[PDB]
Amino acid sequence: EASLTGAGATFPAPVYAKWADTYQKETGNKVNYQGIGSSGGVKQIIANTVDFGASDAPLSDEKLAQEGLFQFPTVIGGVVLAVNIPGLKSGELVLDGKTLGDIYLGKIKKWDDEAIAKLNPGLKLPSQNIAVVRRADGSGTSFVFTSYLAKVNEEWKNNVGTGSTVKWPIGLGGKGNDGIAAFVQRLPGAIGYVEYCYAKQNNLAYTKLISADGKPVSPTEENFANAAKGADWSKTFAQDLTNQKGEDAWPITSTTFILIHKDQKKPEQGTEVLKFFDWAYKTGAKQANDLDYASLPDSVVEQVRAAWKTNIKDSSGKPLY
């Protein structure tokens, strides 16, 4: 039985917590996971304060090589816009990229704005101020979200750009996906971007969005998977899953990654970290799907296993998988 520590992204923390609990019940191994946000996850794995870090934003091949790190994807999730609009219900409201970017720019201030009404012709929209909510902390969900906005709103692209931290034109800061969901729950008229679980968990209404191909789509586990169906995983695990073409492709989709050292200085711990994630691939898909995360295709799991064999070693050069 090992005691493992991980830290980082809150986007997949529900499924990592479920897998940890189930794995302790079946094997006795203990996994402690701190949801501090992807930027914190990368800092802690580089500082060696944890056995594994977690980030939704992928590190480049060069940066992994500079740091002696290896990265692998675990599950596919989706970012949704959780809203608090008395009078409307979950899924009823539709937004497109351009108008969602204009809300995040602070240009559209009311829920019954003409651009929102035109997208939603049968809906009685309230004359309520929009209360924008964004992340306070360095975040892989902000990286995904601002990567998407830069594709669909040129003003956003050219003035704010993409990052795990950006200069938000407007919006209150919430800490973690949990913090944004709490903000949205307490503020009439709020909008906040969160991984899907956090909207569903908190009984918050979420919007539909327009796909890259121009059709309204609902956020579901299958529609997150759909957004990855064109990903050529054989080329790289760092796949962009925002604004992807195809039927029912949720436009703000992302996978998420675990970071470990290639040279493991506590090799028994490294061996156990690999056994935990291998167990999750083998037996954990139902738990990920129960929490509305799509599983990676079996071919990607085989890619990860094969790369574990060639990249993860102890200080004597022997493989830990």
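Numbering starts at 1 and runs along the sequence shown.
**Q** Of the two stretches 106 to 114 and 222 to 230, which shows the higher Cα B-factor on average in the entry?
**A** Averaging CA B-factors over each stretch, the winner is 106 to 114.
**Q** Select between 123 to 131 and 75 to 83 the stretch whose C-alpha atoms have the higher average B-factor in the entry.
**A** If you average the C-alpha B-factors of 123 to 131 and of 75 to 83, the larger mean comes out for 123 to 131.
**Q** Pick out which of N202, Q239, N177, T165 has the highest C-alpha B-factor in the PDB entry.
**A** Top of the list by C-alpha B-factor: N202.
**Q** In terms of recorded Cα temperature factor, pick the maximum from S90, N153, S139, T146.
**A** In the PDB entry, the greatest C-alpha B-factor among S90, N153, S139, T146 is found at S90.
**Q** Please place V31 in the lowest, middle or highest third of its chain according to the CA B-factor in the PDB entry.
**A** For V31, the deposited C-alpha B-factor lands in the highest third.
**Q** Where does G270 sit by CA temperature factor within its chain: lowest, middle or highest third?
**A** Its C-alpha B-factor, which the entry lists for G270, ranks in the highest third among residues of this chain.
**Q** Sorting the chain's modelled residues by C-alpha B-factor, tell me whether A285 ends up in the lowest, middle or highest third.
**A** For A285, the deposited C-alpha B-factor lands in the highest third.
**Q** Which third of the chain does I260 land in by C-alpha B-factor: lowest, middle or highest?
**A** For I260, whose C-alpha B-factor we compare with every modelled residue in the chain, the answer is the lowest third.
**Q** Of the three thirds of its chain by CA temperature factor, lowest, middle or highest, which one includes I252?
**A** As the PDB entry reports it, the C-alpha B-factor of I252 lands in the lowest third of its chain.
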